[PDB]
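Undergrad: Sharing a structure, written as structure tokens. Questions coming.
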Protein chains: 12
Amino acid sequence: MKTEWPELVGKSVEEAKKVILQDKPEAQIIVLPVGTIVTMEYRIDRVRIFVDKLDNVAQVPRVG
Amino acid sequence: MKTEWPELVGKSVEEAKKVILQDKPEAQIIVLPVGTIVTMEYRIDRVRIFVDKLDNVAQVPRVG
Amino acid sequence: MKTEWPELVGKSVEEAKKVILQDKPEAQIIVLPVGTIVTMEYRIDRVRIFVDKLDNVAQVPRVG
Amino acid sequence: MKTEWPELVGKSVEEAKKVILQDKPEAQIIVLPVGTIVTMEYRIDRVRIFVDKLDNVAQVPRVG
Amino acid sequence: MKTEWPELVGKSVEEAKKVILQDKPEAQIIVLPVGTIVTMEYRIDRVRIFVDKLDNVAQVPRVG
Amino acid sequence: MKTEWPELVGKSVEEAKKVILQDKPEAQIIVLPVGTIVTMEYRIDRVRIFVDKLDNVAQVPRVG
Amino acid sequence: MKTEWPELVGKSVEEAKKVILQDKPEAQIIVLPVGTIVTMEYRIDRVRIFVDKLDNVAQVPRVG
Amino acid sequence: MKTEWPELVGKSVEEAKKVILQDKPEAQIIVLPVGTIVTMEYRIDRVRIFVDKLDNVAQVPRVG
Amino acid sequence: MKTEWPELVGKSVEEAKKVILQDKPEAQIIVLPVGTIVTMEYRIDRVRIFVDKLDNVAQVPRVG
Amino acid sequence: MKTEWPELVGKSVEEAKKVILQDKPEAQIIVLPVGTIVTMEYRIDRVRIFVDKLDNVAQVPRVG
Amino acid sequence: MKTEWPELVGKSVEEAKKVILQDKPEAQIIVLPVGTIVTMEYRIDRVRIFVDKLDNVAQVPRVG
Amino acid sequence: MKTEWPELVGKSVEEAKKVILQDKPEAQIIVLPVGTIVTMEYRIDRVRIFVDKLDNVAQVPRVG
């Protein structure tokens with residue numbers, strides 16, 4: 001099962017969403033600033049994308 | 001009593017509000033950024049929705 | 001002496017202000033985001049309202 | 001020496017500035033959000049005003 | 001060597017920049033909100049200016 | 001291998017990006033506010049730029 | 001249903017536990033330092049006691 | 001698959017460990033203070049237990 | 001009504017407690033480290049004392 | 001090059017150190033509480049181990 | 001008026017206290033860990049000393 | 001001028017102090033936990049050492 005998207009570091013939110021949904025059609029994509037504190041439980045259908053000030057992907061997106 | 005809405009993860013605030021009010025007509029719906037610190041008491045009529053940068057539901061909304 | 005306004009959870013800032021001033025004509029109403037850190041002293045004429053992202057009342061307003 | 005302005009709680013920044021400068025013509029007035037962390041040294045000519053989301057004075061302004 | 005600018009407390013960013021560059025032509029001027037956390041190393045050509053909500057200088061600018 | 005860009009302190013994001021990509025054509029450039037908390041792993045192709053309120057480079061950009 | 005114990009402010013943990021269990025025999029009593037950050041869900045059988053440096057009750061214990 | 005242990009709220013670490021290992025023989029049990037910030041990835045064999053000042057279980061232990 | 005004890009800055013907890021109880025026989029005295037975050041409501045019978053590493057009073061004790 | 005030690009989650013510091021040094025004889029092993037904030041640069045010879053209240057490994061140790 | 005003690009950086013608490021009281025007989029000396037958050041008002045008779053893990057003076061003690 | 005001690009990562013406080021004082025006889029050595037927040041000014045005679053739970057050097061010691 002695909003769980004990580006290193007290839008998306010540096011790319012835009014739009015490009016990330018497109019790629020993640022090709023790979024994971026059920027993905028529930030959540031867009032948060034880097035450094036956001038995240039007390040969450042694990043959701044196998046969720047993919048969190050941490051973005052910079054310019055809404056580029058700053059860290060490897062991972063399922064959960 | 002309905003207490004959680006896992007089906008709303010990833011959906012918009014508007015869609016969440018609509019669904020929560022169908023299920024819980026008395027709901028007092030509060031919209032906060034993920035990571036907001038929450039020193040609150042329990043209110044059975046309140047539903048907090050934690051949203052991402054795009055005002056999508058990021059975490060399962062729960063009564064309280 | 002009226003000290004709390006549970007009836008205002010979920011309502012707008014405008015509606016809250018109107019109700020608080022009917023009940024407490026001398027009120028000095030302060031509007032802050034939920035989670036704001038509050039190292040304050042007690043002021044009997046002040047009412048702090050903690051609001052969500054949509055400027056709705058998120059927590060019971062209390063004198064102080 | 002005037003050091004505090006309790007009478008300004010709840011008032012606007014503009015009204016606060018006007019009153020503080022009548023009382024303290026040399027005042028260097030600094031406007032910060034409530035909860036801002038303040039590791040400062042003491043300046044006798046400075047007056048910090050802590051304001052709410054609506055740029056109303058939320059706490060008693062004090063010299064320093 | 002000039003290392004501090006107490007005379008700039010309360011002044012605008014534009015006035016501060018002008019004065020700092022007259023005094024220190026090589027200055028690399030960085031503008032940050034008060035309370036920003038600053039884990040930095042020492043740079044002799046840098047001057048950080050901490051500003052309030054109105055982009056006025058809130059604290060004595062210092063080299064480093 | 002070039003790992004740091006001290007020469008970019010004080011410069012704009014646009015100038016920084018241009019210089020970093022001349023030096024490191026594969027760079028994945030991420031733009032964050034100073035003070036952002038950064039729990040990241042090491043990526044040799046990434047360069048994080050920490051910027052001030054005016055989107056000037058505030059700290060030496062480094063690979064990772 | 002008893003939900004708060006104002007009478008226990010200032011008392012020891014031992015005295016608090018004794019009183020809470022007389023009033024609420026099923027209580028699951030949790031002892032935390034004041035200021036502890038509490039991202040919890042509501043448990044009707046739990047009573048959190050916030051204590052000072054001397055393990056005295058510092059704030060009104062409440063169910064949840 | 002057992003994922004939560006509500007029955008352990010209020011119990012000691014020793015009793016929790018015993019019960020979790022009966023239910024989940026492969027469990028890797030981690031004991032942390034309530035409020036600890038937890039930027040972790042999901043591990044299906046891990047169970048985190050959040051404890052109070054007296055090393056009693058303060059919150060429902062969950063796999064991850 | 002006595003509300004503040006400036007005379008106790010620098011004194012020990014034991015001396016502070018003695019003086020506060022002479023002045024305020026009903027006082028519920030709470031001892032916390034400086035910097036403790038305090039999201040509390042106002043209690044007219046409570047006096048919080050903020051202490052240093054040596055359990056000396058570091059800040060003016062005040063009712064509330 | 002070995003960069004991660006998932007097999008050490010849940011084990012003691014002593015066992016972790018032994019295993020990491022078998023795999024990486026030059027390792028500079030650093031032991032920190034979970035949640036410690038880590039503004040560090042990348043060191044290829046360092047391995048940070050994040051431990052729980054009982055000095056067990058709480059998270060996968062990684063080079064850097 | 002003596003307001004700072006640069007000569008005490010690196011010295012013990014005992015040596016600092018001795019020197020500060022020679023210079024300032026009325027000093028109310030408060031000993032805090034580095035990084036302690038300090039929302040205080042200005043007291044001309046107080047001297048705060050910020051100490052390291054070994055109770056050595058880590059930063060220049062200053063009146064206030 | 002020696003400004004950094006990479007060779008001391010992983011070593012004890014005692015060994016670090018010995019080496020730093022051989023290299024810098026005037027050093028004022030300050031020992032702090034990793035993650036300590038450090039709002040300091042630059043002191044050319046100071047060397048801060050950030051240590052882990054076992055009082056080993058966790059990060060490169062640097063003058064300032």
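Letters for chains follow the order of the structure tokens (A, B, ...), residue numbers begin at 1 for each chain, and ligand numbers begin at 1 in the order shown.
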Using DSSP secondary structure from the backbone, list all strand (DSSP E) positions within chain E, as a JSON list (two decimals) with C-alpha atoms, in the first residue's frame.
TA:
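Heads up, here's the output in result28.json:
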```
[["chain", "number", "residue", "atom", "x", "y", "z"],
["E", 28, "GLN", "CA", 20.96, 43.55, 6.77],
["E", 29, "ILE", "CA", 17.70, 44.63, 8.31],
["E", 30, "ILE", "CA", 15.19, 41.92, 9.35],
["E", 31, "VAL", "CA", 11.62, 42.89, 10.50],
["E", 32, "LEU", "CA", 9.87, 40.42, 12.85],
["E", 33, "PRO", "CA", 6.81, 40.52, 15.11],
["E", 46, "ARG", "CA", 22.37, 41.94, 10.82],
["E", 47, "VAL", "CA", 19.95, 44.20, 12.70],
["E", 48, "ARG", "CA", 16.64, 42.69, 13.77],
["E", 49, "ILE", "CA", 13.75, 45.11, 14.33],
["E", 50, "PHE", "CA", 10.80, 43.77, 16.42],
["E", 51, "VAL", "CA", 7.59, 45.48, 15.46],
["E", 62, "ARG", "CA", 20.38, 45.61, 18.38],
["E", 63, "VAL", "CA", 23.07, 44.17, 16.07]]
```
Undergrad: Please extract the residues of chain E with a backbone DSSP assignment of alpha helix (DSSP H) and present them as an MDAnalysis selection string.
TA: chainID E and resid 13:23
Undergrad: Write the residues of the selection above to a file with C-alpha atoms, as a short mmCIF file (atom, residue, chain, number, x, y, z; two decimals), in the first residue's frame.
TA:
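Printed below is again_30.cif as written:
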```cif
data_model
loop_
_atom_site.label_atom_id
_atom_site.label_comp_id
_atom_site.auth_asym_id
_atom_site.auth_seq_id
_atom_site.Cartn_x
_atom_site.Cartn_y
_atom_site.Cartn_z
CA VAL E 13 9.95 50.60 10.12
CA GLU E 14 10.73 53.11 7.31
CA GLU E 15 12.27 55.63 9.75
CA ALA E 16 14.16 52.86 11.56
CA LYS E 17 15.61 51.42 8.34
CA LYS E 18 16.77 54.95 7.27
CA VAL E 19 18.50 55.62 10.57
CA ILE E 20 20.08 52.20 10.92
CA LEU E 21 21.52 52.36 7.39
CA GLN E 22 22.94 55.90 8.01
CA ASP E 23 24.72 54.45 11.10
#
```
Undergrad: One decimal, in Å: what's the spacing between CA of residue 64 (chain J) and CA of residue 40 (chain J)?
TA: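 Taking CA of residue 64 (chain J) and CA of residue 40 (chain J), their separation equals 8.8 Å.
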Undergrad: Identify all chain B residues at most 12 Å from chain G by counting only C-alpha atoms; ligands do not count. Present them as a PyMOL selection string.
TA: chain B and resi 3-4+35-44+48+61-64
